[PDB]
Amino acid sequence: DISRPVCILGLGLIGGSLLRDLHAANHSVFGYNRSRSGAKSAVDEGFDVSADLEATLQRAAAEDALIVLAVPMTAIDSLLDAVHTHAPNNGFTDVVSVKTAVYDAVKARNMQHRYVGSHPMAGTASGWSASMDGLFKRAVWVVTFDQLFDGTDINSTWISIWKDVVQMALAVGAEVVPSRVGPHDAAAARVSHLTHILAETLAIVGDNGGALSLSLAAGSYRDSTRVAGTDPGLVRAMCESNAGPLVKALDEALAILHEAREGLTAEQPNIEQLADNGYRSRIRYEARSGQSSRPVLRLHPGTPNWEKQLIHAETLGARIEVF
Amino acid sequence: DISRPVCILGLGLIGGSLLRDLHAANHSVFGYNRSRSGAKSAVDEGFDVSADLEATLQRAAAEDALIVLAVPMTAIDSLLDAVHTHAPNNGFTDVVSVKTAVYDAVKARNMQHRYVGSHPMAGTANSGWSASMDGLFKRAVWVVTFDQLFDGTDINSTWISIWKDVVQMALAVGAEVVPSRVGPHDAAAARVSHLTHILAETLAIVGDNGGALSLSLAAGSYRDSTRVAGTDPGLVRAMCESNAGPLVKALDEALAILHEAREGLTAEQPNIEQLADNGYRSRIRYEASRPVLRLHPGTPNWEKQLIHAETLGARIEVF
């Protein structure tokens with residue numbers, strides 16, 4: 001279980017849902033919502049919430065709480081600065097879709113000895129009314145571990161923060177997948193950010209078709225343009241934060257689409273390669289989900305060479321369980 | 001309702017489902033399936049299905065039945081030859097996802113005087129008779145063609161009666177009938193269905209190129225946007241290859257947007273304002289249903305109202 005009380009900063013879809021699940025699971029937890037209304041609402045429903053950021057961090061520091069920065073990327077720096085200044089010895093984690101940008105921000109402030117990156121594959125970062133129960137059940141929750149393999153010189157206290165973050169993610173039914181920042185952003189660029197870019201693109205090309213096109217659109221179109229409904233502010237945050245790895249991903253998309261075009265413009269139009277490859281890839285994805293077959297490695301923090309199992313899990317996309 | 005009994009050639013998702021609804025609605029209906037096994041299954045469930053193509057057409061000839069070609073585009077060219085030889089007087093339609101190729105195949109064989117093209121947006125499936133279902137067309141769109149009124153073509157009251165029964169059949173099984181010519185249809189289908197497939201196959205591969213971790217981290221958005229990549233490649237090829245010209249027009253717009261986005265992400269200060277905004281705004285329009293137009297075939301300039309429905313993407317009902 002979790003050796004520290006959890007302190008959630010920001011109580012929206014992610015943070016609120018985390019507070020609720022942790023409370024359900026009966027673990028010590030409290031949090032902060034900027035909204036005076038939202039705080040009052042949660043306190044009245046039974047939760048331990050405040051709208052006083054200074055007071056929350058003072059207490060967080062007093063109880064050595066694990067601090068969860070459950071805010072959007074644009075809010076991270078101010079919350080890092082707030083934590084650095086009010087709970088400089090506390091351990092802490094974030095929930096943002098992109099990881100390199102955050103780790104960098106943490107390193108620039110010399111907070112890497114107290115930080116463990118994390119990213120739930122939950123929904124779209126909406127305030128407190130967005131919070132629900134069991135959001136994370138059987139959902140992937142990435143937990144980082146760069147400090148173990150880069151130029152950071154960490155000791156046992158960091159290992160202790162890392163454990164609580166994993167115990168926390170596991171406490172709310174998540175599947176913890178360990179990853180360093182580069183491999184993660186490389187993945188998210190492909191499976192989430194490009195997903196969003198293609199979704200916007202499709203909506204425009206369809207809209208360009210006018211009345212008949214929007215009328216004839218069916219289930220496939222509904223599904224492929226759904227995430228184009230998410231907020232422009234967020235879609236930009238994701239993609240811009242991770243522009244580097246996204247461009248590598250988008251370039252693969254353009255190469256494939258160019259090859260596809262070469263094929264459709266031939267004397268005999270042909271897209272075998274795109275079709276056989278696409279199908280096969282989609283089958284591989286379904287195979288390790290539903291119509292969850294992720295492998296599972298058991299780490300034993302403390303034991304020699306356990307760290308190498310984190311890289312082994314990263315390469316395999318294995319979820320982990322710590323004994 | 002429908003004046004003629006229905007004859008369904010090919011009984012998979014589309015044709016098989018069309019049979020079940022017309023049978024449930026207690027309308028006169030019978031069909032054909034190449035698969036001898038698939039025909040036995042149907043007969044063993046109480047349906048009027050045969051494996052003998054020639055005999056099915058001779059029966060369709062003796063009932064003046066409406067012939068529905070519910071087969072893939074690759075089986076069309078020989079089926080037209082078959083209907084020509086064994087049932088020339090019969091009025092027929094089809095359900096293929098591309099409408100130009102079929103109409104050319106029809107004209108090539110001088111059959112357009114008894115042909116009314118159509119396309120139900122009912123999707124596809126990796127199966128035959130076993131994929132059939134009740135209520136497949138409820139609320140879904142059913143496109144019906146009418147190029148014969150605007151290209152050079154001498155038509156009589158029969159064609160109109162054939163067109164009337166195709167619309168009513170569509171309506172009978174709970175579909176919304178949007179009329180359209182082959183050019184506009186294929187342009188639209190290129191944009192909202194075929195490009196959709198192309199983009200899904202692409203995303204699936206890019207994600208797979210990322211290896212174990214990428215696939216493991218893929219969540220809801222990926223799942224939804226790569227769903228059609230799971231449809232059998234053969235169907236995807238047929239669908240896109242048959243509509244190659246229009247699809248390229250659509251793909252080129254996609255590529256324009258995607259490059260302009262890459263310009264955006266490579267800047268000193270990465271920026272995809274434009275894409276996100278236009279994208280989001282395009283989706284909001286889509287969500288917010290189709291307009292309607294009353295039509296009486298025969299009355300002067302009723303065909304003008306078909307063009308109106310086409311521009312509007314409106315569904316029609318017949319008075």
# chains A, B, ... in the order shown; residues from 1 in each chain; ligands from 1
$ residues_around --residues "residue B:53" --least-positions-apart "5" --cutoff "12 Å" --atoms "only C-alpha atoms" --output "list in words"
residues 7, 8, 9, 10, 31, 32, 33, 34, 35, 36, 39, 58, 59, 60, 79, 82, 83, 86 and 87 of chain B
$ residues_around --residues "residue A:106" --least-positions-apart "4" --cutoff "9 Å" --atoms "only C-alpha atoms" --output "MDAnalysis selection string"
chainID A and resid 77 80 101:102 110:112 115
$ closest_residue --among "B:316, B:167, B:121, B:19" --to "chain A" --atoms "only C-alpha atoms"
B:121
$ residues_around --residues "residue B:237" --least-positions-apart "6" --cutoff "10 Å" --atoms "only C-alpha atoms" --output "number ranges by chain"
A: 264, 269-276; B: 194, 197-198, 243-244
$ write_last_selection --atoms "N, CA and C atoms" --output "short mmCIF file (atom, residue, chain, number, x, y, z; two decimals), in the first residue's frame"
data_model
loop_
_atom_site.label_atom_id
_atom_site.label_comp_id
_atom_site.auth_asym_id
_atom_site.auth_seq_id
_atom_site.Cartn_x
_atom_site.Cartn_y
_atom_site.Cartn_z
N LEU A 264 -2.73 4.66 -56.07
CA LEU A 264 -4.05 4.98 -56.62
C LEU A 264 -3.97 5.66 -57.98
N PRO A 269 -5.09 1.08 -60.57
CA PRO A 269 -5.05 1.57 -59.18
C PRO A 269 -4.89 0.43 -58.17
N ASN A 270 -3.95 0.59 -57.25
CA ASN A 270 -3.62 -0.47 -56.30
C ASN A 270 -3.11 0.05 -54.96
N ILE A 271 -3.69 -0.45 -53.87
CA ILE A 271 -3.21 -0.15 -52.52
C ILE A 271 -3.10 -1.42 -51.67
N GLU A 272 -2.57 -2.50 -52.25
CA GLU A 272 -2.36 -3.75 -51.49
C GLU A 272 -1.54 -3.49 -50.25
N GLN A 273 -0.35 -2.93 -50.44
CA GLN A 273 0.57 -2.67 -49.34
C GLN A 273 -0.11 -1.93 -48.18
N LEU A 274 -0.76 -0.81 -48.47
CA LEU A 274 -1.44 -0.06 -47.41
C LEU A 274 -2.51 -0.90 -46.72
N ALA A 275 -3.28 -1.64 -47.52
CA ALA A 275 -4.38 -2.45 -47.02
C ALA A 275 -3.96 -3.68 -46.23
N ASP A 276 -3.01 -4.48 -46.74
CA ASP A 276 -2.54 -5.67 -46.05
C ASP A 276 -1.82 -5.24 -44.77
N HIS B 194 -14.04 6.63 -47.92
CA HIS B 194 -12.81 6.05 -48.45
C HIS B 194 -11.58 6.68 -47.82
N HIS B 197 -10.95 5.27 -44.48
CA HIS B 197 -10.27 3.99 -44.48
C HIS B 197 -8.77 4.20 -44.66
N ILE B 198 -8.39 4.92 -45.71
CA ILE B 198 -6.98 5.21 -45.98
C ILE B 198 -6.28 5.74 -44.74
N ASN B 243 -12.81 3.81 -56.75
CA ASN B 243 -13.08 5.25 -56.65
C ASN B 243 -11.79 6.07 -56.62
N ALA B 244 -10.77 5.56 -57.30
CA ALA B 244 -9.41 6.11 -57.23
C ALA B 244 -9.29 7.60 -57.54
#
$ residues_around --residues "residue B:277" --least-positions-apart "3" --cutoff "9 Å" --atoms "only C-alpha atoms" --output "ChimeraX atom specification"
/A:200,231-233 /B:272-274,280-282
$ closest_residue --among "A:109, A:193, A:308, A:298" --to "chain B" --atoms "only C-alpha atoms"
A:193
$ residues_around --residues "residue A:289" --least-positions-apart "3" --cutoff "10 Å" --atoms "only C-alpha atoms" --output "short mmCIF file (atom, residue, chain, number, x, y, z; two decimals) with N, CA, C and O atoms, in the first residue's frame"
data_model
loop_
_atom_site.label_atom_id
_atom_site.label_comp_id
_atom_site.auth_asym_id
_atom_site.auth_seq_id
_atom_site.Cartn_x
_atom_site.Cartn_y
_atom_site.Cartn_z
N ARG A 284 -2.79 -6.83 -34.81
CA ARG A 284 -1.81 -6.86 -33.71
C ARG A 284 -2.25 -5.99 -32.53
O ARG A 284 -2.07 -6.39 -31.37
N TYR A 285 -2.84 -4.83 -32.80
CA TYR A 285 -3.35 -3.97 -31.73
C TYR A 285 -4.49 -4.65 -30.96
O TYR A 285 -4.44 -4.77 -29.73
N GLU A 286 -5.52 -5.09 -31.69
CA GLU A 286 -6.66 -5.77 -31.08
C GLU A 286 -6.21 -6.95 -30.24
O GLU A 286 -6.67 -7.14 -29.12
N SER A 292 -7.21 -7.49 -22.42
CA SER A 292 -5.85 -6.97 -22.25
C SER A 292 -4.80 -8.08 -22.09
O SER A 292 -4.64 -8.64 -21.00
N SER A 293 -4.08 -8.36 -23.18
CA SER A 293 -3.01 -9.36 -23.17
C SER A 293 -1.62 -8.74 -23.05
O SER A 293 -0.65 -9.25 -23.63
N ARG A 294 -1.50 -7.65 -22.29
CA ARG A 294 -0.18 -7.09 -21.99
C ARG A 294 0.56 -8.05 -21.06
O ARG A 294 -0.04 -8.57 -20.12
N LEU B 215 1.75 0.23 -29.00
CA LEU B 215 0.48 -0.49 -29.00
C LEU B 215 -0.09 -0.65 -27.58
O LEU B 215 -1.30 -0.61 -27.38
N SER B 216 0.79 -0.80 -26.61
CA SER B 216 0.38 -0.97 -25.23
C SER B 216 -0.20 0.33 -24.64
O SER B 216 -1.12 0.30 -23.83
N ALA B 218 -1.64 2.75 -26.53
CA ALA B 218 -2.76 3.20 -27.35
C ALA B 218 -4.04 3.12 -26.54
O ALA B 218 -4.31 2.10 -25.92
N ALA B 219 -4.82 4.20 -26.56
CA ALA B 219 -6.07 4.29 -25.79
C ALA B 219 -7.31 4.51 -26.70
O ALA B 219 -7.29 4.16 -27.88
N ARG B 223 -8.11 3.41 -30.75
CA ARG B 223 -9.08 2.35 -30.93
C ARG B 223 -10.18 2.76 -31.90
O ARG B 223 -10.44 2.05 -32.87
#
$ residues_around --residues "residue B:315" --least-positions-apart "2" --cutoff "9 Å" --atoms "only C-alpha atoms" --output "PyMOL selection string"
chain B and resi 141-142+176-179+290-293+309-310+312-313+317
$ write_last_selection --atoms "N, CA, C and O atoms" --output "compact mmCIF listing (two decimals), in the first residue's frame"
# COMPACT_ATOMS: atom_id res chain seq x y z
N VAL B 141 -28.70 5.91 -43.91
CA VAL B 141 -28.97 6.54 -45.20
C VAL B 141 -28.93 5.51 -46.31
O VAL B 141 -28.15 4.57 -46.26
N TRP B 142 -29.78 5.71 -47.31
CA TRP B 142 -29.80 4.87 -48.50
C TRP B 142 -29.75 5.79 -49.71
O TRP B 142 -30.71 6.48 -50.01
N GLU B 176 -33.32 6.26 -44.68
CA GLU B 176 -33.50 7.63 -45.17
C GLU B 176 -32.89 7.69 -46.56
O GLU B 176 -31.70 7.43 -46.74
N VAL B 177 -33.71 8.03 -47.55
CA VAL B 177 -33.29 8.01 -48.94
C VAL B 177 -32.77 9.36 -49.41
O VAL B 177 -33.55 10.29 -49.57
N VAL B 178 -31.46 9.46 -49.62
CA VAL B 178 -30.85 10.68 -50.13
C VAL B 178 -30.54 10.46 -51.60
O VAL B 178 -29.74 9.60 -51.92
N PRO B 179 -31.18 11.21 -52.50
CA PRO B 179 -30.90 10.97 -53.91
C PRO B 179 -29.58 11.61 -54.30
O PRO B 179 -29.17 12.58 -53.68
N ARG B 290 -31.41 15.66 -40.85
CA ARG B 290 -31.40 15.95 -42.29
C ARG B 290 -32.70 16.56 -42.78
O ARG B 290 -33.77 16.11 -42.37
N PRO B 291 -32.62 17.55 -43.69
CA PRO B 291 -33.82 18.14 -44.29
C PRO B 291 -34.58 17.16 -45.20
O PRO B 291 -34.00 16.15 -45.63
N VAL B 292 -35.85 17.47 -45.48
CA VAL B 292 -36.74 16.59 -46.26
C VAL B 292 -37.38 17.31 -47.45
O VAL B 292 -37.51 18.53 -47.43
N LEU B 293 -37.76 16.56 -48.48
CA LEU B 293 -38.47 17.10 -49.65
C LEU B 293 -39.53 16.13 -50.17
O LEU B 293 -39.21 14.98 -50.48
N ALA B 309 -32.43 18.15 -53.58
CA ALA B 309 -32.12 17.21 -52.49
C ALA B 309 -30.64 16.87 -52.46
O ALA B 309 -30.04 16.75 -51.39
N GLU B 310 -30.07 16.71 -53.65
CA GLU B 310 -28.65 16.38 -53.78
C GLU B 310 -27.75 17.48 -53.22
O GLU B 310 -26.80 17.19 -52.49
N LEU B 312 -28.61 19.76 -51.08
CA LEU B 312 -28.93 19.84 -49.67
C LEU B 312 -28.53 18.60 -48.88
O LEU B 312 -28.39 18.67 -47.66
N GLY B 313 -28.36 17.47 -49.56
CA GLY B 313 -28.12 16.19 -48.87
C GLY B 313 -29.36 15.80 -48.09
O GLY B 313 -29.29 15.13 -47.06
N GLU B 317 -39.19 11.80 -49.41
CA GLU B 317 -40.35 10.94 -49.18
C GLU B 317 -41.21 11.13 -50.42
O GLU B 317 -41.21 12.23 -50.99
